[PDB]
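The structure appears right after this line, and notes come after that.
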Amino acid sequence: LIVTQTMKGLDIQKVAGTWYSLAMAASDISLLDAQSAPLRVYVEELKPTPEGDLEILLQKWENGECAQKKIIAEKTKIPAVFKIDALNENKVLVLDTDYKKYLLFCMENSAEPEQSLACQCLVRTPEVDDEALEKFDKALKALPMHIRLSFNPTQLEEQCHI
Ligand SMILES: CCCCCCCC(=O)O
Ligand SMILES: [Cl-]
């Protein structure tokens, strides 16, 4: 555990729909450095299931191509925290959202020696929301981040933010 910010009172069904990854940060440079870096993922849509799991549609660079991916994050006993199945146990946490404009979330590993982590500022539209970004930066102050990326509206309308 590293991130101890979660949203009190989350209604997961209300996060459904279109999002844009306006900004991303991570604990290690190599996690976002290259265009093909492991956690350089661009969110397209959040699809909560009727039973409260979180399906995530995204893009990422995998060949010399922007590939689509569909990730399933299963619910836990905590409403703001979800679990993605792999060789390793890695968790999605929702830190804060107003549903209609912005959503902040993190992805974190288990162990490791000492966890690695990436967070994003998701917004509803291809616009630079400075207030969403302030709230993202505030959340990140509590976190050991060493790379931060931000996208302009032009890139936000392109596949893989080209
Ligand atoms: C919450 C989205 C999870 C990001 C990493 C998923 C692994 C991948 O798609 O390569
Ligand atoms: Cl949950």
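Please note that chains go A, B, ... in the order of the structure tokens, that every chain numbers its residues from 1, and that ligands are numbered from 1 in the order shown.
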Taking only C-alpha atoms and all ligand atoms into account, which residues are within 9 Å of ligand 2, as number ranges by chain? A: 12, 52-54, 73-83, 93
For the selection just defined, write its residues with N, CA and C atoms to a file, as a compact mmCIF listing (two decimals), in the first residue's frame.
# COMPACT_ATOMS: atom_id res chain seq x y z
N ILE A 12 -20.20 3.83 -8.48
CA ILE A 12 -19.39 3.38 -9.62
C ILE A 12 -20.17 3.38 -10.92
N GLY A 52 -21.25 -4.49 -10.53
CA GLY A 52 -20.23 -3.58 -9.95
C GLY A 52 -18.74 -3.81 -10.20
N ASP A 53 -18.39 -4.65 -11.18
CA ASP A 53 -17.02 -4.71 -11.72
C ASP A 53 -16.76 -3.53 -12.66
N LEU A 54 -15.49 -3.25 -12.95
CA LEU A 54 -15.15 -2.10 -13.79
C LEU A 54 -14.39 -2.54 -15.02
N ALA A 73 -11.46 -4.94 -14.24
CA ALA A 73 -11.08 -4.72 -12.82
C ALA A 73 -12.23 -5.16 -11.92
N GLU A 74 -11.99 -6.20 -11.16
CA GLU A 74 -13.06 -6.79 -10.38
C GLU A 74 -13.27 -6.03 -9.06
N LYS A 75 -14.52 -5.89 -8.62
CA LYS A 75 -14.79 -5.23 -7.35
C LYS A 75 -14.16 -5.94 -6.15
N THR A 76 -13.96 -5.17 -5.07
CA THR A 76 -13.58 -5.67 -3.75
C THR A 76 -14.62 -5.19 -2.71
N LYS A 77 -14.37 -5.42 -1.42
CA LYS A 77 -15.27 -4.94 -0.37
C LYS A 77 -15.24 -3.44 -0.17
N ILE A 78 -14.24 -2.79 -0.74
CA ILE A 78 -14.15 -1.34 -0.69
C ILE A 78 -14.66 -0.81 -2.03
N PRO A 79 -15.70 0.04 -1.99
CA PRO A 79 -16.26 0.63 -3.22
C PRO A 79 -15.28 1.35 -4.17
N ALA A 80 -14.25 2.01 -3.63
CA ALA A 80 -13.30 2.76 -4.51
C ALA A 80 -12.08 1.97 -5.04
N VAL A 81 -11.99 0.68 -4.74
CA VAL A 81 -10.82 -0.15 -5.01
C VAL A 81 -11.20 -1.41 -5.78
N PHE A 82 -10.46 -1.71 -6.85
CA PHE A 82 -10.79 -2.79 -7.80
C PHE A 82 -9.52 -3.57 -8.02
N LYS A 83 -9.63 -4.80 -8.52
CA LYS A 83 -8.53 -5.74 -8.62
C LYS A 83 -8.45 -6.24 -10.06
N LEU A 93 -7.44 2.16 -7.83
CA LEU A 93 -8.13 2.98 -6.83
C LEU A 93 -8.68 4.26 -7.39
Distance filter 8 Å around ligand 1, atoms: only C-alpha atoms and all ligand atoms, out as number ranges by chain: A: 38-41, 43, 56, 58, 60, 69-71, 73, 84, 92, 106-107
Writer output for current selection, N, CA and C atoms, as a CSV table (one decimal), in the first residue's frame:
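So the final result, stored in result31.csv, reads:
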chain,number,residue,atom,x,y,z
A,38,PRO,N,5.2,0.4,-20.3
A,38,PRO,CA,4.1,-0.4,-19.7
A,38,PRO,C,2.8,0.3,-19.3
A,39,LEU,N,2.9,1.5,-18.7
A,39,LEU,CA,1.7,2.1,-18.1
A,39,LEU,C,1.2,3.3,-18.8
A,40,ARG,N,1.9,3.6,-20.0
A,40,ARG,CA,1.4,4.6,-20.9
A,40,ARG,C,0.1,4.0,-21.6
A,41,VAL,N,-1.0,4.2,-21.0
A,41,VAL,CA,-2.3,3.8,-21.4
A,41,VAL,C,-3.3,5.0,-21.5
A,43,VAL,N,-7.1,6.1,-21.7
A,43,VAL,CA,-8.4,5.7,-21.4
A,43,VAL,C,-9.4,6.2,-22.5
A,56,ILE,N,-12.5,-1.6,-18.4
A,56,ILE,CA,-11.8,-0.4,-18.9
A,56,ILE,C,-11.4,-0.6,-20.4
A,58,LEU,N,-9.2,0.8,-23.3
A,58,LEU,CA,-8.1,1.7,-23.6
A,58,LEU,C,-7.4,1.5,-24.8
A,60,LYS,N,-3.2,1.4,-26.3
A,60,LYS,CA,-1.8,1.6,-26.0
A,60,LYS,C,-0.9,1.2,-27.2
A,69,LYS,N,-7.2,-2.1,-26.2
A,69,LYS,CA,-7.3,-3.2,-25.1
A,69,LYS,C,-8.5,-3.1,-24.2
A,70,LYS,N,-9.0,-4.2,-23.8
A,70,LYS,CA,-10.1,-4.2,-22.8
A,70,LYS,C,-9.7,-4.9,-21.5
A,71,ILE,N,-9.6,-4.2,-20.4
A,71,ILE,CA,-9.2,-4.6,-19.1
A,71,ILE,C,-10.4,-4.7,-18.2
A,73,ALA,N,-11.5,-4.9,-14.2
A,73,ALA,CA,-11.1,-4.7,-12.8
A,73,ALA,C,-12.2,-5.2,-11.9
A,84,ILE,N,-7.3,-6.1,-10.7
A,84,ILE,CA,-7.0,-6.7,-12.0
A,84,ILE,C,-6.2,-7.9,-11.9
A,92,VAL,N,-6.7,-1.1,-8.8
A,92,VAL,CA,-7.1,0.2,-9.3
A,92,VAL,C,-7.8,0.9,-8.1
A,106,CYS,N,-5.5,5.8,-9.5
A,106,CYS,CA,-4.2,5.2,-9.5
A,106,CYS,C,-4.2,3.7,-9.8
A,107,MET,N,-3.1,3.2,-10.3
A,107,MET,CA,-2.8,1.8,-10.5
A,107,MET,C,-1.6,1.5,-9.7
As a PDB file with N, CA, C and O atoms, in the first residue's frame, please: the residues near residue 23 (chain A) (cut-off 8 Å, only C-alpha atoms, same-chain neighbours under 5 positions excluded).
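What follows is the written file part_23.pdb:
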ATOM      1  N   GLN A 120      -3.690   8.842 -13.034  1.00  0.00           N
ATOM      2  CA  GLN A 120      -4.142   9.708 -14.138  1.00  0.00           C
ATOM      3  C   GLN A 120      -5.191  10.700 -13.692  1.00  0.00           C
ATOM      4  O   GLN A 120      -5.934  10.468 -12.717  1.00  0.00           O
ATOM      5  N   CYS A 121      -5.269  11.801 -14.444  1.00  0.00           N
ATOM      6  CA  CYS A 121      -6.342  12.767 -14.344  1.00  0.00           C
ATOM      7  C   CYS A 121      -7.189  12.591 -15.613  1.00  0.00           C
ATOM      8  O   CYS A 121      -6.762  12.949 -16.698  1.00  0.00           O
ATOM      9  N   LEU A 122      -8.380  12.046 -15.424  1.00  0.00           N
ATOM     10  CA  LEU A 122      -9.289  11.717 -16.505  1.00  0.00           C
ATOM     11  C   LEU A 122     -10.260  12.850 -16.513  1.00  0.00           C
ATOM     12  O   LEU A 122     -10.732  13.290 -15.436  1.00  0.00           O
ATOM     13  N   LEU A 133      -6.617  19.436 -12.909  1.00  0.00           N
ATOM     14  CA  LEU A 133      -5.141  19.338 -12.806  1.00  0.00           C
ATOM     15  C   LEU A 133      -4.553  19.740 -11.451  1.00  0.00           C
ATOM     16  O   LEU A 133      -3.571  19.125 -10.989  1.00  0.00           O
ATOM     17  N   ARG A 148       5.922  12.943 -14.892  1.00  0.00           N
ATOM     18  CA  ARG A 148       4.562  13.497 -15.183  1.00  0.00           C
ATOM     19  C   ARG A 148       4.406  14.008 -16.637  1.00  0.00           C
ATOM     20  O   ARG A 148       5.264  14.743 -17.156  1.00  0.00           O
ATOM     21  N   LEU A 149       3.302  13.607 -17.263  1.00  0.00           N
ATOM     22  CA  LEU A 149       3.019  13.932 -18.681  1.00  0.00           C
ATOM     23  C   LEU A 149       1.656  14.642 -18.711  1.00  0.00           C
ATOM     24  O   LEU A 149       0.798  14.356 -17.878  1.00  0.00           O
ATOM     25  N   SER A 150       1.475  15.570 -19.648  1.00  0.00           N
ATOM     26  CA  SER A 150       0.224  16.295 -19.832  1.00  0.00           C
ATOM     27  C   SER A 150      -0.069  16.419 -21.348  1.00  0.00           C
ATOM     28  O   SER A 150       0.861  16.640 -22.132  1.00  0.00           O
ATOM     29  N   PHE A 151      -1.327  16.321 -21.750  1.00  0.00           N
ATOM     30  CA  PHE A 151      -1.669  16.312 -23.207  1.00  0.00           C
ATOM     31  C   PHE A 151      -2.480  17.515 -23.618  1.00  0.00           C
ATOM     32  O   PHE A 151      -3.187  18.117 -22.793  1.00  0.00           O
TER      33      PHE A 151
END
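Distances from A:134, A:108, A:62, A:85 to residue 27 (chain A) were compared using only C-alpha atoms, and the smallest one belongs to A:108.
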Handout entry: Residue list (alpha helix (DSSP H), DSSP) for region 36-152 of chain A, as a ChimeraX atom specification
Key = /A:130-141
For this session: Please identify which residues in chain A DSSP calls strand (DSSP E or B) from the backbone, and express them as number ranges by chain.
Result: A: 17-18, 20-26, 42-48, 54-61, 66-75, 81-84, 90-97, 102-108, 117-123, 147-150
Near region 44-46 of chain A, counting only C-alpha atoms, which residues have an atom at most 6 Å away, once you skip same-chain residues fewer than 3 positions from it, shown as a PDB file with C-alpha atoms, in the first residue's frame?
ATOM      1  CA  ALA A  16     -19.728   5.168 -16.988  1.00  0.00           C
ATOM      2  CA  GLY A  17     -18.867   6.587 -20.361  1.00  0.00           C
ATOM      3  CA  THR A  18     -16.328   8.677 -22.277  1.00  0.00           C
ATOM      4  CA  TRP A  19     -13.104   9.855 -20.673  1.00  0.00           C
ATOM      5  CA  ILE A  56     -11.836  -0.430 -18.897  1.00  0.00           C
ATOM      6  CA  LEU A  57     -11.494   0.225 -22.630  1.00  0.00           C
ATOM      7  CA  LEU A  58      -8.121   1.745 -23.554  1.00  0.00           C
TER       8      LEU A  58
END
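The nearest approach to residue 24 (chain A) among the residues A:55, A:118, A:160, A:154, with only C-alpha atoms taken into account, belongs to A:118.
Using only C-alpha atoms, the shortest contact distance between residue 137 (chain A) and any of A:109, A:99, A:25, A:89 is found at A:25.
Here CA of residue 146 (chain A) is placed at a distance of 26.4 Å from CA of residue 65 (chain A).
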